[PDB]
Amino acid sequence: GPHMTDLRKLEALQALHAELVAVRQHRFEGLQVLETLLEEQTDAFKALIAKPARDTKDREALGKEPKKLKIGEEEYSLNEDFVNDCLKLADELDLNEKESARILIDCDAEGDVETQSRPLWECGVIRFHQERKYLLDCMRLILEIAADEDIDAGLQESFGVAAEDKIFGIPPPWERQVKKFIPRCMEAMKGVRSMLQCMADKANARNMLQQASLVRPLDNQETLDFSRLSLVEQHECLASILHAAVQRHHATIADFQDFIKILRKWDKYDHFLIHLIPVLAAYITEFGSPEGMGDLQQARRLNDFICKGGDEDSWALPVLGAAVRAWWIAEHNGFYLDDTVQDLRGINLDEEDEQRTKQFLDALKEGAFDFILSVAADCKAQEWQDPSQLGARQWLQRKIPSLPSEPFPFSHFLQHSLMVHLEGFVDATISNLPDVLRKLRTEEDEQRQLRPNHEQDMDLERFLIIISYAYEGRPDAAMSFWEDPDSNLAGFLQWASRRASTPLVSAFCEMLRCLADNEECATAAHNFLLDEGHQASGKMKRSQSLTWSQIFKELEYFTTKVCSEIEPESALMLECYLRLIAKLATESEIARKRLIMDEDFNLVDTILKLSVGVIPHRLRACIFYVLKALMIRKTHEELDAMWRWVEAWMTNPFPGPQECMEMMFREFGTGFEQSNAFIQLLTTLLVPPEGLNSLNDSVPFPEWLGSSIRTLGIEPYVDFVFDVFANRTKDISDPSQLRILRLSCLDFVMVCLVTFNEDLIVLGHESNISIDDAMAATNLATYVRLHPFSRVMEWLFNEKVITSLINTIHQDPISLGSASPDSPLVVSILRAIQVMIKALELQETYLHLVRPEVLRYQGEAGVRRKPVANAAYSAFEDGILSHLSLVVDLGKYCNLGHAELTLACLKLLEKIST
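Counting with PDB author numbering, you get residues -2 to 173, 181 to 568, 590 to 679, 699 to 958 for the letters of the sequence shown.
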């Protein structure tokens, strides 16, 4: 890449980082400049963010002779103001006065005071932390490159030795008082933790006075927030590096013991702790697993150090210790599976598998699986919710305290690493402790049979949920269930599907849904739920309880009950069933067709019945999302069939059918969850089978739709979406849901506009319609009538609808810039703007061609579709440009750094401006 010759420490580290990213993204154009920067940071690399201690000699010097500063080779001149910033920086960071001065000179020189507009001493803080973070992330990248199997073996290995040498301080194979790496790494992480704490304490005290007196943010609050986030990211990088050191066999038993001792003293469930969980897993896999070291005289000695010798106050977080014991036992019991690979003579398999099973089951009662599940849930926790899975994996009890509410999202490399180890743990217990799982099941069944009103243990359920996270979004890994029916994991799947309690069935369907993230996996799950070649004479499938048959019999029953309250467990189960149906349908064409064209299941017809009855909104939402799932891909026959289905129940839900339709629309638009889902459904039903952005001379639904009782076309449906967007959104309190719902509405609109083939209509006017044999002038003329384009345009000329577009676009620019480009906030604004652009691009074809044809038609018909357009607006500009906020916001947003958004603001501004 392009760089200057004499880069200062930070800029140098940033350069190296950029080169490392390149190599990591398979760009080897700058390997030569990468190496030059590597050797340039050798010292810093071995120093591992070591922080020079504050000193009296330099303090006494700085103030007494505040004139000429000499650092290393060069000379600078101090002004009484600069010298004060050094003392301020040295205090804030408890840093060497000289090192502080150096940092401030790099700040002044590079002039990041103006680049970040902050006091000089604050810039020092930021630079100090930037250097640390980049240094550590460079190491993480080097290790990550050393493990990249998709690059030249030579590079992969040379980066390996580089990592061994520069990071872990292990000389290369061709050569050779020091403190071993891991001990240094642990001290480094310790420093970071304490610096965050010390920083938090000081900040708390100062904020307390701030909020009490001035009730406004601290002057350096931005720098504070940044320093916290960094420190946490630093620890995360160190935790990743440590994890690498362990796997690379650089750890000693002592290191393993010192680590466990550190976990034993750990007295807070926080982000730092979760960073160490992968490290723990590696340590367990190294010193106790079958795959790791195999000195059992030691692997068992450690067992007594981990489990036995249990003092009552040995763990500050007893629940953590439980998780540690469980994890260890799961991996350590793998030694005793076979003899072809291991020597098991002298071992009391009987008494031990007894005592092991006991102390493991005890761990579960102590909260082992509540801790592990909570760690997985928090690590994979997303920032915004997918409305189609609200409640999923959220119904099991949790005694583990929430993570401190912080803006500390876990890096992908940490999340992935953790999931990989959970996969191992899941595999270990399933294959090493099947006995324990059978007992859990019997224990829980026995519980809800004899103590229906008492707290039921849910550790078996938790286990399935843990599995769901481990394999979530990883089909390659998930195939280990669908590959070999004789395998352990595949067996566990079949064992779980046996007759189960409602909670365990829900937990199972939750699991399956996360084991179907592609065509192959989804198809496998689909075939699994079938009675495959098994109408009779069942080997696997006779004992199997959970099947499509049971699912559709359970659904079919609940429909007769509700149409003549549902119990929480029942509701949950039905919701898990539906979410599962939806998942497979969208991921598997085989599954989709079967589900939609099966007379035994009668899926569509039955779930539509269910929606008519009085059911919880979240359950009806699940129904709508299934209907959408069956339409994600589609043909014309299926599509027409679906529209026929929907119309049937909208009008005849078992007095006037159109009055019944009013009834159903008013209900479906009630509340976020179900209104959002229904609008999502209608949107999908309008996306042609040929795909969005297609050009065909046909409306995407049965032309004769509504022919029986109403105005032909889907105007009642379009009117519904706009009534939500325009009026019903007023009832949504939660901002993020308001945004999601608005986005849904706007996507519906966008689809109505995009699928309108204007090029086809314009060509018609001049030629086909008036000056030639016109068989098809009618054909297109009818198209112009039925396509939602007319009605959608008519709505876009409505006062309220325009106001809502403005309201959607008008948002707090500060929180807008902080938002993610994919967040509903940004995207909902973008989509609103994009609707305005599209409207402007099509309003001519609408005003001089479509509108008059539609107004003409009804003249003789009779129906005067209740007016929605505002006669005051002769053009779309007359409406939107009456809101001065609009053009102002467009200008503002260009400066918020959201490329796609800005790009849209410009497109619209050009159409508006003079």
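All C-beta atoms, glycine included, are put in the ideal place defined by N, C-alpha and C.
For this session: List in chain order: all unbroken beta strand (DSSP E) runs of 3+ residues lying wholly within the stretch 344 to 432.
Result: Runs found: none.
Exercise. Alpha carbon to alpha carbon, what distance is there between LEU886 and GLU802?
Worked result: To locate residue 802, count along the sequence shown from 1; it is residue 758. To locate residue 886, count along the sequence shown from 1; it is residue 842. Going by the C-alpha atoms only, they are around 8 Å apart.
For this session: Please determine, among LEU899, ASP922 and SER867, the residue with the shortest C-alpha to C-alpha distance to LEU840.
Result: Looking up residue 840 in the sequence shown gives position 796. Selected option, being the one with the closest Cα: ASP922.
Problem set entry | Touch test, the stretch 83 to 94 against the stretch 111 to 121, Cβ-Cβ under 8 Å, three pairs minimum | The answer is yes - the stretch 111 to 121 touches the stretch 83 to 94, with three or more Cβ pairs under 8 Å.
Exercise. Helix, strand or coil for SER811 per DSSP?
Worked result: Within the sequence shown, numbered from 1, the residue matching residue 811 stands at position 767. Looking at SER811 - three-state DSSP - the assignment turns out to be helix.
Exercise. Out of curiosity, what's the CA-to-CA distance linking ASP134 and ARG5?
Worked result: As a working note, residue 134 is residue 137 in the sequence shown. As a working note, residue 5 is residue 8 in the sequence shown. Straight-line Cα distance between these residues: approximately 18 Å.
For this session: Measure the alpha-carbon distance for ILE657 versus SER788 and round it to whole angstroms.
Result: Walking along the sequence shown from the start, residue 657 turns up at place 632. Walking along the sequence shown from the start, residue 788 turns up at place 744. Taking the straight line from one Cα to the other gives about 16 Å.
For this session: Return the Cβ separation of residue 696 and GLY338 in integer angstroms, given the expectation that the two are a contact with Cβ distance under 8 Å.
Result: Structure remark: the chain lacks residues between 679 and 699, so residue 696 is without coordinates.
Problem set entry | Opening and closing residue of the alpha helix (DSSP H) in which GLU154 lies | Your numbering for residue 154 matches position 157 in the sequence shown. That run of the alpha helix (DSSP H) goes 150 to 159.
For this session: Kindly indicate which residue of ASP449, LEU947, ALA159 and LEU739 has the alpha-carbon position closest to the one of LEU824.
Result: Looking up residue 824 in the sequence shown gives position 780. Ranking the options by Cα distance to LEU824, first place goes to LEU739.
For this session: Could you pull out every residue in the same chain whose Cβ sits closer than 7 Å to the Cβ of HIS279, ignoring the five residues on either side in sequence?
Result: Indexing the sequence shown from 1 puts residue 279 at position 275. Only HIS239, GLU240, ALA243 and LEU418 meet the Cβ criterion.
Problem set entry | Opening and closing residue of the alpha helix (DSSP H) in which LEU280 lies | Here the question's residue 280 lines up with position 276 in the sequence shown. Note, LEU280: alpha helix (DSSP H), 275 to 291.
Exercise. Can you give the beta carbon distance from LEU407 to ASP382, rounded, assuming they're within the 8 Å contact cut?
Worked result: Taking the sequence shown and counting its residues from 1, the one referred to as residue 407 is at position 403. Taking the sequence shown and counting its residues from 1, the one referred to as residue 382 is at position 378. Rounded, the Cβ-Cβ distance is 5 Å, consistent with contact.
Problem set entry | Selection from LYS910, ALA432, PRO701 and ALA385 that minimises the alpha carbon distance to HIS420 | Walking along the sequence shown from the start, residue 420 turns up at place 416. Looking at the Cα atoms, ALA385 is the closest of the given residues.
Exercise. Does the beta-carbon distance from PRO489 to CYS525 come in below 8 Å?
Worked result: Within the sequence shown, the letter at position 485 stands for residue 489. Within the sequence shown, the letter at position 521 stands for residue 525. The answer is no: Cβ separation not under 8 Å.
Exercise. If you compare alpha carbons, which of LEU7, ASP763, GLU843 and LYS882 is closest to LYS910?
Worked result: As a working mapping, residue 910 is identified with position 866 in the sequence shown. Looking at the Cα atoms, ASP763 is the closest of the given residues.
For this session: Could you name the residues of the same chain whose beta carbon sits closer than 7 Å to that of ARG188, not counting the 5 residues immediately before and after it, in chain order?
Result: Taking the first residue of the sequence shown as 1, we reach residue 188 at position 184. Only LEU45 meet the Cβ criterion.
Exercise. Does the Cβ-Cβ distance between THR660 and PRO746 come in under 8 Å?
Worked result: If you number the sequence shown from 1, residue 660 lands on position 635. If you number the sequence shown from 1, residue 746 lands on position 702. Judged by beta-carbon spacing, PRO746 lies beyond the 8 Å limit of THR660, meaning their Cβ atoms are not closer than that value.
Problem set entry | Best match in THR946, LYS312 and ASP317 for proximity to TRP270 [C-alpha to C-alpha] | Here residue 270 corresponds to residue number 266 of the sequence shown, with the count starting at 1. Checking every option, the nearest Cα to that of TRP270 belongs to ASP317.
Exercise. My guess is that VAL894 and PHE833 are in contact by the Cβ rule of under 8 Å, so how many angstroms apart are they, rounded?
Worked result: Along the sequence shown, read from residue 1 onward, the residue named residue 894 stands at position 850. Along the sequence shown, read from residue 1 onward, the residue named residue 833 stands at position 789. Right, the Cβ-Cβ distance comes to about 7 Å (below 8 Å), so this counts as a contact.
Exercise. For residue 968, which of helix, strand or coil comes out of DSSP?
Worked result: Because the chain here runs from -2 to 958, residue 968 falls outside it and cannot be looked at.
Exercise. Nearest CA to the CA of residue 694: which residue from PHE649, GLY713 and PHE800?
Worked result: Gap in the chain between 679 and 699; residue 694 lies inside it and carries no coordinates.
Problem set entry | Nearest-angstrom beta carbon gap, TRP552 and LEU533 [assumed within contact, 8 Å] | Walking along the sequence shown from the start, residue 533 turns up at place 529. Walking along the sequence shown from the start, residue 552 turns up at place 548. That pair is a contact at about 5 Å.
Problem set entry | alpha helix (DSSP H) runs contained entirely in the stretch 774 to 837, provided each spans 4 or more residues | 779 to 798, 802 to 807 and 821 to 830
Exercise. So, are the CB atoms of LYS194 and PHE42 less than 8 Å apart?
Worked result: As a first step, residue 194 must be located in the sequence shown, where it is residue number 190. As a first step, residue 42 must be located in the sequence shown, where it is residue number 45. Taking 8 Å as the Cβ cut-off, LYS194 and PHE42 do not qualify as a contacting pair.
For this session: For the beta strand (DSSP E) holding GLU624, just list the boundary residues, first then last.
Result: Taking the sequence shown and counting its residues from 1, one reaches residue 624 at position 599. In the DSSP annotation of this structure, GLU624 is not part of any beta strand (DSSP E), being labelled neither H nor E.
For this session: Quick one: grab the DSSP three-state call for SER719.
Result: In the sequence shown, residue 719 corresponds to position 675, counting from 1. Reduced to three states, the DSSP call for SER719 is helix.
Exercise. Is the beta carbon of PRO857 less than 8 Å from the beta carbon of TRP388?
Worked result: Along the sequence shown, one-based indexing puts residue 857 at 813. Along the sequence shown, one-based indexing puts residue 388 at 384. Taking 8 Å as the Cβ cut-off, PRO857 and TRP388 do not qualify as a contacting pair.
For this session: Note down, in chain order, each residue of its chain lying with its Cβ closer than 8 Å to the Cβ of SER872, except the 5 sequence neighbours on either side.
Result: Within the sequence shown, residue 872 is the residue found at index 828, counting from 1. Same-chain partners within the cutoff: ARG783, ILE784, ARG786, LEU787, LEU790 and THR852.
Exercise. By how many angstroms is the C-alpha of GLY542 removed from the C-alpha of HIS336?
Worked result: By one-based count along the sequence shown, residue 336 stands at place 332. By one-based count along the sequence shown, residue 542 stands at place 538. It is roughly 36 Å from the alpha-carbon of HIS336 to the alpha-carbon of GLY542.
Problem set entry | Where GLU146 falls: helix, strand or coil (DSSP) | Numbered from 1 along the sequence shown, position 149 holds the residue referred to as residue 146. Reduced to three states, the DSSP call for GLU146 is coil.
Exercise. Where DSSP assigns a beta bridge to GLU71, which residues make up the other side?
Worked result: Counted from its first residue, the sequence shown places residue 71 at position 74. Bridge partners of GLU71: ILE68.
For this session: Determine the closest residue to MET794 out of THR958, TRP748 and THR727, with distance taken between C-alpha atoms.
Result: The residue you call residue 794 lines up with position 750 of the sequence shown. Of the listed residues, the one whose Cα sits closest to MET794 is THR727.
Problem set entry | Where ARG502 falls: helix, strand or coil (DSSP) | Against the sequence shown, residue 502 aligns to sequence position 498. Of the three classes helix, strand and coil, the one that applies to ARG502 here is strand, per DSSP.
Exercise. With DSSP run on the structure shown, which of helix, strand or coil describes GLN887?
Worked result: Locating residue 887 in the sequence shown gives position 843, counting from the first residue. Residue state, collapsed to three classes: helix.
For this session: Consult DSSP for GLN548 and reduce its assignment to one of helix, strand or coil.
Result: Within the sequence shown, numbered from 1, the residue matching residue 548 stands at position 544. In the structure shown, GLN548 sits in a strand (DSSP, three-state: E or B).
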